[PDB]
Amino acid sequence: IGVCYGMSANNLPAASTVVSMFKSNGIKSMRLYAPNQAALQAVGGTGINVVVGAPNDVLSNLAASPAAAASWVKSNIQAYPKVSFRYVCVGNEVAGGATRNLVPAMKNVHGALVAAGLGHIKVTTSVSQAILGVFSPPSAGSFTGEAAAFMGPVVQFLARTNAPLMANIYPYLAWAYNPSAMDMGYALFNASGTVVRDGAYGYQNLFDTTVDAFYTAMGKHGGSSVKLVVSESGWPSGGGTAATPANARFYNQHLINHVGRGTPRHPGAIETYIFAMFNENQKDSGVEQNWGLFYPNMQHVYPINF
């Protein structure tokens, strides 16, 4: 499975040590949110797959010039011939206005990559489950109107380039919003049976419901051929309602065991990245500083089998 290597902390291990943690725990993929040189130099030649992202503040730059895109690829992708790049995630949850630069930046990075003969590395973007206006039942999946306005061209692009869509999916967050609306077990991979019967499909967990809702919404804009990659998913071990190591372990371990099967309407392993490797101490107090599978001190927050 994959794990998101977030670095919004002032006390993490050296990149090299982190890379050993991936290796020994059997974490096959890594997600970076920006071309970190130390991490990229470390991960090279290890067989760990890497999703390298382009920060949201450089999009306008990648969108404006093809040559800009080219330079980026030369310094951030080409500079590292021994790393195993899977995708280049242009933007992470890009909100209003800036979304105007989404497709152009994506087109430019893509062309730069094809020009270098590295077209095996897919360009995509990562969206937030918050873009779903309706997510239940799955057949009634749909984007908000704000998202609907920019998601069309993005989805079609992906379809044209045979690239997936990446979605940051958190049942915990859907549930926490109004704990009175749904039962926590439904979100925790701990429901007894079907909670939602959609047509001839029955959902037993909020992860599937969302993923399938995404597919339905994507379909409405010519994305029926595009695959979804879960670029983030997790549950916090402290800082809020239901935030404990017992719950976070129950959630993460079931996620890990679950993804290879797929969903009711989409059977087949879903590429998944768990958020995140460590607790991040530079985030705002609350659950944000508790997504980590590990403490900076390198100890597991709870036991997990990857």
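Position 1 is the first residue in the sequence shown; the rest follow in order.
Enquirer: Highest mean C-alpha temperature factor of the two stretches 210-218 and 177-185, which is it?
Expert: On average, C-alpha B-factors are higher across 177-185.
Enquirer: Return whichever of 200-208 and 164-172 has the greater mean Cα B factor according to the PDB record.
Expert: Higher mean C-alpha B-factor in the PDB entry: 200-208.
Enquirer: When the CA B-factors of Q129, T125, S139, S84 are compared as recorded in the entry, which is the largest?
Expert: Highest C-alpha B-factor among the listed options: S139.
Enquirer: Please work out which residue in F143, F157, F150, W235 has the highest C-alpha B-factor recorded for this crystal structure.
Expert: Across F143, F157, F150, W235, the entry lists the biggest C-alpha B-factor for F150.
Enquirer: Split the chain's modelled residues into thirds by Cα B-factor; is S65 in the lowest, middle or highest one?
Expert: Highest third of the chain for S65's C-alpha B-factor.
Enquirer: Give the position of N257 by CA B-factor within its chain, expressed as the lowest, middle or highest third.
Expert: It falls in the bottom third of the chain.
Enquirer: For the chain shown, is the CA B-factor of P296 in the lowest, middle or highest third of its modelled residues?
Expert: It falls in the middle third of the chain.
Enquirer: Hey, what third does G45 fall into on Cα B-factor, ranked over its chain?
Expert: As the PDB entry reports it, the C-alpha B-factor of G45 lands in the highest third of its chain.
Enquirer: What third of its chain's C-alpha B-factors does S16 belong to: lowest, middle or highest?
Expert: Its C-alpha B-factor, which the entry lists for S16, ranks in the middle third among residues of this chain.
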